[PDB]
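Undergrad: Residue numbers (the working numbering): 7 to 120.
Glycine residues also receive a C-beta, built at the ideal position from the N, C-alpha and C atoms.
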Ligand SMILES: *C(=O)C[C@@H]1O[C@@H](C)[C@@H](O)[C@@H](O)[C@@H]1O
Ligand SMILES: [Ca+2]
Ligand SMILES: [Ca+2]
Ligand SMILES: [Ca+2]
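Pasting the structure below:
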């Protein structure tokens, strides 16, 4: 199934943060309405924040996270969880190799902000 695609409420500010846990340099692309809105790049094996940003979901609300290592797309796992009908997390994991720990780039999207 498709992973890393989320429908946010339109015209809403949201946070996106990426962590790295891999010897491979992680490239995280955040697409809003099918157009690239942010790009994070970095290497860490100790969960370092490789990028954090505030974005707007625009009129479509469609947010897509893509992860590539060595120009090859990582395998993604994702879900969205809502707490007290109000607090939203869109969660992405990714695997760039064979050990299947799926933490190589971890991406957290959260809203609302402010
Ligand atoms: C490369 O060795 C594979 C890669 O990096 C490792 C340090 C480990 O984090 C593994 O999960 C990742 O796929
Ligand atoms: Ca891995
Ligand atoms: Ca890893
Ligand atoms: Ca608040």
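Under 8 Å between the Cβ atoms of residue 30 and residue 75?
TA: Looking up residue 30 in the chain shown gives position 24. Looking up residue 75 in the chain shown gives position 69. Closer than 8 Å, so yes.
Undergrad: Based on DSSP bridge pairs, tell me the residues matched to residue 96.
TA: Counted from its first residue, the chain shown places residue 96 at position 90. In the DSSP output, where bridge partners are listed per residue, residue 96 has 86, 115.
Undergrad: Once DSSP output is grouped into helix, strand and coil, what is the label at residue 77?
TA: Position 71 of the chain shown holds residue 77. Three-state DSSP puts residue 77 in coil, outside helix and strand.
Undergrad: How many Å lie between residue 102 and residue 53 at the Cα?
TA: One-based indexing of the chain shown puts residue 102 at position 96. One-based indexing of the chain shown puts residue 53 at position 47. One C-alpha to the other measures close to 15 Å.
Undergrad: Can we count residue 105 as close to ligand 2, meaning its CB is less than 7 Å from some heavy atom?
TA: Residue 105 sits at position 99 when you count from the first residue of the chain shown. Under cutoff, so the answer is yes.
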